[PDB]
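**Q** Generate coordinates for the sequence data below:
(2 chains, ligands or ions: 10)
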Number of protein chains: 2
Amino acid sequence: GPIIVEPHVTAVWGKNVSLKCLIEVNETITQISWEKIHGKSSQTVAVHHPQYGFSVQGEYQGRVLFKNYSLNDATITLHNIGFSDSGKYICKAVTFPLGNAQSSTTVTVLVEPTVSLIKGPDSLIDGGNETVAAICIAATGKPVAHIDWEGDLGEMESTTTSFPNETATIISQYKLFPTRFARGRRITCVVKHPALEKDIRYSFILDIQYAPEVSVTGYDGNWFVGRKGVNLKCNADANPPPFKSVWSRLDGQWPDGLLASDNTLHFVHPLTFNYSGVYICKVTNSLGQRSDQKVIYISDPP
Amino acid sequence: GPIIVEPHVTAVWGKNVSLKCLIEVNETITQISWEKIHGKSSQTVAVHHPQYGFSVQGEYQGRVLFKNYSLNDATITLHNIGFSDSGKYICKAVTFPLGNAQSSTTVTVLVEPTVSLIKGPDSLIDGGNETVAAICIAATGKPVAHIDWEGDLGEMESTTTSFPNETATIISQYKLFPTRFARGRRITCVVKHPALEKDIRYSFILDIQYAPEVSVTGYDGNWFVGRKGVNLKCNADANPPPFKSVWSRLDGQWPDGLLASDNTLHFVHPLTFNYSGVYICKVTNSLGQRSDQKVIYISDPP
Ligand SMILES: *[C@@H]1O[C@H](CO[C@@H]2O[C@@H](C)[C@@H](O)[C@@H](O)[C@@H]2O)[C@@H](O[C@@H]2O[C@H](CO)[C@@H](O[C@@H]3O[C@H](CO[C@H]4O[C@H](CO)[C@@H](O)[C@H](O)[C@@H]4O)[C@@H](O)[C@H](O[C@H]4O[C@H](CO)[C@@H](O)[C@H](O)[C@@H]4O)[C@@H]3O)[C@H](O)[C@H]2NC(C)=O)[C@H](O)[C@H]1NC(C)=O
Ligand SMILES: *[C@@H]1O[C@H](CO[C@@H]2O[C@@H](C)[C@@H](O)[C@@H](O)[C@@H]2O)[C@@H](O[C@@H]2O[C@H](CO)[C@@H](O[C@@H]3O[C@H](CO[C@H]4O[C@H](CO)[C@@H](O)[C@H](O)[C@@H]4O)[C@@H](O)[C@H](O[C@H]4O[C@H](CO)[C@@H](O)[C@H](O)[C@@H]4O)[C@@H]3O)[C@H](O)[C@H]2NC(C)=O)[C@H](O)[C@H]1NC(C)=O
Ligand SMILES: *[C@@H]1O[C@H](CO)[C@@H](O[C@@H]2O[C@H](CO)[C@@H](O[C@@H]3O[C@H](CO[C@H]4O[C@H](CO)[C@@H](O)[C@H](O)[C@@H]4O)[C@@H](O)[C@H](O[C@H]4O[C@H](CO)[C@@H](O)[C@H](O)[C@@H]4O)[C@@H]3O)[C@H](O)[C@H]2NC(C)=O)[C@H](O)[C@H]1NC(C)=O
Ligand SMILES: *[C@@H]1O[C@H](CO)[C@@H](O[C@@H]2O[C@H](CO)[C@@H](O[C@@H]3O[C@H](CO[C@H]4O[C@H](CO)[C@@H](O)[C@H](O)[C@@H]4O)[C@@H](O)[C@H](O[C@H]4O[C@H](CO)[C@@H](O)[C@H](O)[C@@H]4O)[C@@H]3O)[C@H](O)[C@H]2NC(C)=O)[C@H](O)[C@H]1NC(C)=O
Ligand SMILES: *[C@@H]1O[C@H](CO)[C@@H](O[C@@H]2O[C@H](CO)[C@@H](O[C@@H]3O[C@H](CO[C@H]4O[C@H](CO)[C@@H](O)[C@H](O)[C@@H]4O)[C@@H](O)[C@H](O[C@H]4O[C@H](CO)[C@@H](O)[C@H](O)[C@@H]4O)[C@@H]3O)[C@H](O)[C@H]2NC(C)=O)[C@H](O)[C@H]1NC(C)=O
Ligand SMILES: *[C@@H]1O[C@H](CO)[C@@H](O[C@@H]2O[C@H](CO)[C@@H](O[C@@H]3O[C@H](CO[C@H]4O[C@H](CO)[C@@H](O)[C@H](O)[C@@H]4O)[C@@H](O)[C@H](O[C@H]4O[C@H](CO)[C@@H](O)[C@H](O)[C@@H]4O)[C@@H]3O)[C@H](O)[C@H]2NC(C)=O)[C@H](O)[C@H]1NC(C)=O
Ligand SMILES: *[C@@H]1O[C@H](CO)[C@@H](O[C@@H]2O[C@H](CO)[C@@H](O[C@@H]3O[C@H](CO)[C@@H](O)[C@H](O)[C@@H]3O)[C@H](O)[C@H]2NC(C)=O)[C@H](O)[C@H]1NC(C)=O
Ligand SMILES: *[C@@H]1O[C@H](CO)[C@@H](O[C@@H]2O[C@H](CO)[C@@H](O[C@@H]3O[C@H](CO)[C@@H](O)[C@H](O)[C@@H]3O)[C@H](O)[C@H]2NC(C)=O)[C@H](O)[C@H]1NC(C)=O
Ligand SMILES: *[C@@H]1O[C@H](CO)[C@@H](O)[C@H](O)[C@H]1NC(C)=O
Ligand SMILES: *[C@@H]1O[C@H](CO)[C@@H](O)[C@H](O)[C@H]1NC(C)=O
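**A** Residues are numbered from 1 along each chain as shown, chains lettered A, B, ... in the order given. Ligands and ions are numbered 1, 2, ... in the order given. Below is the structure:
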């Protein structure tokens, strides 16, 4: 076309926008205008003369600048978009003598959301009813921002409310039946929105609590009378960390010749036909006490 | 209005026309255009710059001039109208920085007729069937010229044929039962047409022929024997003029003591009891012979 401009542009709230316009005609140029039309009425915006400088109209006076001082780039950046810039703007080029041609660009206003991740309120213990683990918030976005979680470990869901301003807020609530096998999993809501030159992401690790989980190693196949220096450790994974890890013998009695370094159980005396009892360590955290036992047998070969 | 121009103007074929346009705005002016639009396409006509002179477009190049060298009278005379100037022309004023406003004027083409009066072909004798006395011709007028006769002495009538060119010719035939009492009457067709700043008229006198019309004066009440020096003139009005005006006595006989000076009849001898006859002069023209007589009586008192 005689005047080439890109149409259907989109400008971001509060930020600026470059309204490119170029006029490569072997014709000699005498005036250069920009006009936003309110309906059938043409409010002028910017004007460039080769003799009588520039002109910027009220109320655009502060918020428009000419990117090029040449008679050829009608290119202008509109400083600081508001809502009311949503319309059709035409670039009027006056030549001598063809008259004037015009090209239009329709700019739609577009406002960013502001995102937030918020820890769901109830704590996530093991094997309990569905719980809300996290809420992702895309605030006052126009158009409605969009949302998506990457965990495939539970269920998305969202309620979205919209405004007079012709923007909206959606809130995605991520929920799961919590299991300890999901300890420290990365939950992450991505939010995709037109005005996001690169979509924005917010991340989480799951903190699932659970009851203690205990397992004593130490007893290999057979323990023979007089075997010297063998142990039992009360290995246990729990969250929160536990506090109590008492090392009781189920047969109420408890012989000497034992000690409980760390939570290992030492038999610092060589083995006797004593000791022949079912040993049980009992580990306790915020969520309660759990225990495991190893049936200890002392034997002797021919 | 911002730009004041007169609308719905009418331009006369072959002649010129002034397209007035004036732009009294306290705004400073930067370009001045005239554009005839063919449908939705704007062929520029004239352009005025305060720096880079004038411009006249093809093919208007010869036929347009700027009536005012000022930046304020877009007034132009379009030299030599043809048919194809029948349309809407707009005057474009470019200011700095309002942009541009425009006012339109719709010029309809209008061609003069050319008028003629032509003597109807058959001659007008007296008391004959209606005859066509004159034909008035309004030729190739656009729109159809109009016609009217002023004589109230017969009947108008007209046949009007129209053309491709979107002009027409009407021919009014004026007809009457001709009577001699209408000799030398002014018949006149007026032709009224939009393009005639003062309507045009063509005039005629009627030339009605007639048979001769005769009347002898001379005989007063009584003529007495011996009365000295009395005459009879053969007064007669006819058209065409007559040629023969013989002065015969109906009683075949014709005494001496008479003479026919001019067409008076002298009795140069004092009256006798002769002369006592019915005297008749016979007048003859193109249309034939007519006559009148006076019964002459000579008497004598006691
Ligand atoms: C296990 O969790 C189950 C789901 O709970 C979830 O997890 C929690 C932590 C949150 O994250 C929450 O968002 C999750 O949904 C839970 O099962 C649920 O039990 C409750 C009842 O105790 C149900 O709520 C009731 O829902 C009905 C729905 O009625 C219909 O219409 C509504 C629209 O209004 C639709 O949305 C529904 O699909 C239905 O078609 C309500 O009518 C009802 O309202 C009541 O309270 C109002 C108060 O004004 C009264 O006026 C009414 O008369 C009712 O009494 C309840 O809100 C819930 O729907 C149900 N299932 C689900 C899938 O949510 C279960 O309790 C947990 N297991 C336990 C505790 O053992
Ligand atoms: C006295 O003058 C009378 C009128 O003549 C006028 O004066 C002359 C000098 C011219 O200026 C002339 O323009 C004036 O009109 C005259 O009376 C007329 O006599 C003739 C016949 O001798 C009539 O002509 C005939 O008219 C008829 C009309 O028929 C109808 O249709 C036509 C349309 O076609 C209408 O216009 C009429 O109103 C009727 O409704 C014709 O049909 C006819 O055509 C004939 O000739 C063609 C030749 O192809 C044949 O095909 C047909 O068969 C016909 O034979 C005639 O043309 C005339 O109308 C009539 N009256 C008037 C008012 O004109 C009269 O003769 C004179 N007195 C004398 C000579 O003693
Ligand atoms: C879209 O367009 C907008 C604005 O057109 C751009 O954002 C602009 O960013 C500039 C640069 O930061 C802003 O101008 C800055 O103003 C600062 C504040 O001025 C002072 O006012 C008085 C001065 O006495 C005091 O209150 C105080 O000193 C304030 O600072 C200046 O400080 C900045 O000066 C800078 O330049 C000078 C010149 O060398 C340096 O000496 C300084 O170190 C400093 O770098 C500057 O002038 C402007 O206000 C912003 N406009 C806004 C907010 O709308 C966007 O960047 C642009 N967007 C894109 C993507 O292009
Ligand atoms: C179209 O329509 C919607 C709905 O009306 C607008 O959304 C509102 O936007 C404004 C501004 O973004 C929001 O108002 C802000 O509230 C903040 C909350 O402050 C705290 O205290 C409140 C209690 O009242 C708590 O709820 C909250 O958690 C916070 O702890 C204020 O901090 C903001 O004020 C800030 O700016 C001012 C001026 O610069 C400073 O003086 C302050 O110090 C502070 O920094 C502000 O008032 C409002 O909450 C939004 N409503 C929503 C999201 O529902 C959209 O703005 C509008 N869209 C467009 C594009 O204009
Ligand atoms: C609408 O506009 C039209 C034209 O624009 C007007 O009509 C014009 O009338 C002018 C004046 O008569 C015409 O121009 C005249 O041309 C004549 C012919 O030029 C010569 O060409 C060569 C020269 O060597 C020879 O064949 C021969 O000499 C021809 O004459 C000139 O003779 C005229 O000269 C006159 O001015 C000079 C200057 O002083 C005098 O010395 C002379 O004595 C003489 O007066 C003259 O230049 C023009 O052609 C017409 N245009 C046409 C026909 O379209 C209408 O009047 C106007 N209508 C209205 C109502 O405004
Ligand atoms: C739209 O349409 C109509 C219909 O076609 C046009 O009307 C014609 O117009 C032209 C020009 O006016 C007329 O043609 C002229 O004829 C004249 C007649 O000359 C004599 O000889 C003829 C025999 O052929 C006799 O019938 C007649 O009585 C004359 O005795 C010519 O003299 C004209 O030529 C003249 O100009 C040329 C060039 O300048 C010179 O060289 C000559 O010497 C001479 O001066 C001319 O040819 C024609 O008769 C019209 N037809 C009609 C009236 O039915 C309209 O012109 C048109 N309308 C418009 C606005 O353009
Ligand atoms: C205002 O607009 C003009 C014209 O659009 C911009 O012109 C830049 O001018 C330079 C030099 O005149 C052009 O680059 C040339 O590239 C050759 C490489 O062969 C180099 O040798 C020259 O030195 C020169 O750099 C360039 O085409 C042109 N840029 C554009 C986008 O057209 C100018 O940048 C603009 N000014 C401002 C302040 O924005
Ligand atoms: C071109 O257009 C101009 C402006 O329309 C025409 O201006 C004529 O200029 C004269 C003098 O400048 C004006 O008349 C003034 O009248 C007073 C009477 O008080 C007299 O004292 C001055 O000497 C002068 O004559 C007049 O207003 C103006 N005419 C019009 C129609 O506006 C000018 O005539 C045009 N030029 C040509 C060549 O057509
Ligand atoms: C085992 O220890 C107990 C202490 O309760 C002691 O009375 C008993 O004699 C011991 N038995 C053996 C075989 O060492
Ligand atoms: C009248 O004149 C005639 C000539 O024809 C003549 O014979 C006669 O005598 C005259 N009569 C009188 C009274 O004069």
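**Q** So residue A:278 versus ligand 1, what's the distance?
**A** Distance, residue A:278 to ligand 1, using C-beta to the nearest ligand atom, to the nearest Å: 37 Å. Backbone N, C-alpha and C define where each C-beta goes, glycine included.
**Q** Please apply the same query to residue A:143.
**A** Distance check for residue A:143 against ligand 1: by C-beta to the nearest ligand atom, it reads 26 Å.
**Q** Find the nearest non-adjacent residue to that residue, please.
**A** For residue A:143, ignoring the flanking residues on the chain, the nearest one in space by C-beta to C-beta, 6 or more residues apart in numbering or on different chains is residue A:194 at 6.8 Å.
**Q** And the one you found, how far from residue A:145?
**A** Computed as C-beta to C-beta, to the nearest Å, the residue A:194 to residue A:145 distance reads 9 Å.
**Q** neighbour count winner among the two?
**A** Counted by other C-beta atoms under 10 Å in any protein chain shown, residue A:194 and residue A:145 do not tie: residue A:145 has more neighbours, with 29 against 16.
**Q** Burial check on the closest residue to the more buried one other than its chain neighbours, number of neighbours?
**A** Using C-beta to C-beta, 6+ apart and skipping the chain neighbours, the partner closest in space to residue A:145 is residue A:138 (3.6 Å). Residue A:138 sits with 26 neighbouring residues when counted by other C-beta under 10 Å.
**Q** Buried residues, the one helix or strand residue A:138 maps to. List them.
**A** Element membership of residue A:138 [criterion: DSSP states H and E] is strand A:131-141. For strand A:131-141, burial by neighbour count (16 or more other C-beta atoms under 10 Å in any protein chain shown) applies to A:131-138, A:140-141.
**Q** from those, which are also near ligand 4?
**A** Residues of these in contact with ligand 4 (C-beta under 6 Å from any ligand atom): residue A:140.
**Q** Include distance to residue A:291 when you put the buried residues of strand A:131-141 into JSON lines, please.
**A** Converted to JSON lines, the buried residues of strand A:131-141 look like this (distance: C-beta to C-beta, whole Å):
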{"residue": "A:131", "distance to residue A:291": "27"}
{"residue": "A:132", "distance to residue A:291": "33"}
{"residue": "A:133", "distance to residue A:291": "30"}
{"residue": "A:134", "distance to residue A:291": "34"}
{"residue": "A:135", "distance to residue A:291": "38"}
{"residue": "A:136", "distance to residue A:291": "40"}
{"residue": "A:137", "distance to residue A:291": "44"}
{"residue": "A:138", "distance to residue A:291": "47"}
{"residue": "A:140", "distance to residue A:291": "53"}
{"residue": "A:141", "distance to residue A:291": "53"}
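**Q** Can you pick out the most distant pair from the buried residues of strand A:131-141?
**A** Put simply, by C-beta to C-beta the two of the buried residues of strand A:131-141 set farthest apart are A:131 and A:140, 27.9 Å from each other.
**Q** now the strands for the stretch 1-150 of chain A?
**A** Secondary structure of the stretch 1-150 of chain A (DSSP state E, counting those that start in this stretch): strands located at A:10-12, A:17-19, A:29-38, A:41-48, A:54-56, A:64-66, A:76-78, A:87-95, A:99-110, A:114-119, A:131-141, A:146-149.
**Q** For residue A:184, which of those strands is the nearest?
**A** Of all the strands of the stretch 1-150 of chain A, it is strand A:131-141 that lies closest to residue A:184, at 12.8 Å by C-beta to C-beta.
**Q** quick check: angle from that closest one to strand A:114-119?
**A** Using axes from the mean of the first three to the mean of the last three C-alpha atoms, to 10 degrees, the direction of strand A:131-141 lies 170 degrees away from that of strand A:114-119.
**Q** Could you list the paired strands of strand A:131-141 along with their orientation?
**A** Listed by DSSP bridges, the sheet partners of strand A:131-141 and their directions read strand A:114-119 (antiparallel), strand A:168-176 (antiparallel).
**Q** Deepest-packed of the ones you listed, please.
**A** Most buried of those, by mean neighbour count (mean count of other C-beta atoms under 10 Å in any protein chain shown): strand A:168-176, with a mean of 19.
**Q** any residue of it up close to ligand 1?
**A** Yes - for strand A:168-176, a contact with ligand 1 is found by C-beta under 6 Å from any ligand atom, at residue A:175.
**Q** could the strands paired with strand A:131-141 go into a markdown table alongside distance to residue B:175?
**A** Written out in a markdown table, the entries for these read as follows (distance: least, C-beta to C-beta, whole Å):
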| stretch | distance to residue B:175 |
| --- | --- |
| strand A:114-119 | 99 |
| strand A:168-176 | 90 |
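**Q** Of all the ones you listed, which one comes closest to ligand 3?
**A** Between ligand 3 and the strands paired with strand A:131-141, the tightest spacing by C-beta to the nearest ligand atom is seen for strand A:114-119, at 17.9 Å.
**Q** Does that closest one reach ligand 4?
**A** No - contact of strand A:114-119 with ligand 4 (C-beta under 6 Å from any ligand atom) is absent, the minimum separation being 7.6 Å.
**Q** Can I get that strand in CSV? Just the C-alpha atoms.
**A** Included here for strand A:114-119 are C-alpha records, laid out as CSV according to Å, rounded to 0.1, in the frame of the first residue of the first chain:
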residue,chain,number,x,y,z
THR,A,114,-0.3,-9.9,38.9
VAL,A,115,0.3,-13.4,40.1
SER,A,116,0.6,-15.0,43.5
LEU,A,117,1.0,-18.4,45.0
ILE,A,118,-0.4,-18.9,48.4
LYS,A,119,0.1,-22.0,50.7
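**Q** Residues contacting it, please?
**A** When contacts are defined by C-beta atoms under 8 Å, 6 or more residues apart in numbering or on different chains, strand A:114-119 is touched by residues A:134-140, A:145, A:189, A:191, A:200, A:202-204.
**Q** Tell me the spacing between residue A:111 and ligand 10.
**A** Taking C-beta to the nearest ligand atom as the measure, residue A:111 and ligand 10 are separated by 144 Å.
**Q** That residue: how many residues sit nearby?
**A** 23.
**Q** Next, format the contacts of strand A:114-119 as CSV and append distance to residue A:175.
**A** Conversion of the contacts of strand A:114-119 to CSV gives the following (distance: C-beta to C-beta, whole Å):
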residue, distance to residue A:175
A:134, 9
A:135, 10
A:136, 12
A:137, 15
A:138, 18
A:139, 21
A:140, 24
A:145, 20
A:189, 13
A:191, 18
A:200, 22
A:202, 17
A:203, 18
A:204, 13
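**Q** who does residue A:18 bridge with?
**A** With DSSP bridges as the criterion, the beta-bridge partners of residue A:18 are residue A:77.
**Q** give the contact list for it.
**A** Contact partners of residue A:18, counting by C-beta under 8 Å, 6+ apart, are A:67, A:75-77.
**Q** Tell me, how many residues neighbour the residue of the stretch 1-150 of chain A found nearest ligand 3?
**A** Going by C-beta to the nearest ligand atom, ligand 3 is nearest to residue A:16 of the stretch 1-150 of chain A, at 3.7 Å. The number of residues packed around residue A:16, counting by other C-beta under 10 Å, is 15.
**Q** just to revisit the earlier point, which one of the strands paired with strand A:131-141 lies closest to ligand 2?
**A** Across these, ligand 2 has its closest neighbour in strand A:168-176 (83.4 Å, C-beta to the nearest ligand atom).
**Q** Done for today, thanks.
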